[PDB]
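In the entry's author numbering, the protein residues as written are 1 to 33.
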C-alpha cells in the first residue's frame, strides 16, 4: 500500500505463522512451511 512490496519484508511478516513469504498482486502472501 502507497509504496511497492518487498519480499524480504513479506518473509519477516510470514515468519510469524512459520510460513514462507512471497508478494502476489502487491500484497504479502504466506505459504505453508
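C-beta: ideal position from N, C-alpha, C; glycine also.
Beta-carbon proximity of residue i to residue j, cut-off 8 Å
{"i": "residue 22", "j": "residue 12", "result": "no"}
Through-space distance from residue j to residue i, alpha-carbon basis
{"i": "residue 20", "j": "residue 2", "result": "24 Å"}
{"i": "residue 18", "j": "residue 30", "result": "9 Å"}
Reduced DSSP secondary structure (H/G/I, E/B, other) of residue i
{"i": "residue 5", "result": "coil"}
Delimiting residues of the beta strand (DSSP E) encompassing residue i
{"i": "residue 17", "result": "Taken as a continuous stretch (DSSP letters only), residue 17 belongs to no beta strand (DSSP E), as it is neither H nor E."}
{"i": "residue 27", "result": "27 to 32"}
Proximal residues to residue i (C-beta, below 8 Å), its chain only, five neighbours per side dropped
{"i": "residue 15", "result": "21"}
{"i": "residue 5", "result": "23, 26, 27, 28"}
Close Cβ partners of residue i (< 7 Å) along its chain, the five nearest in sequence each way excluded
{"i": "residue 55", "result": "The displayed coordinates of the chain run from 1 to 33. Any statement about residue 55 would go beyond what the structure contains."}
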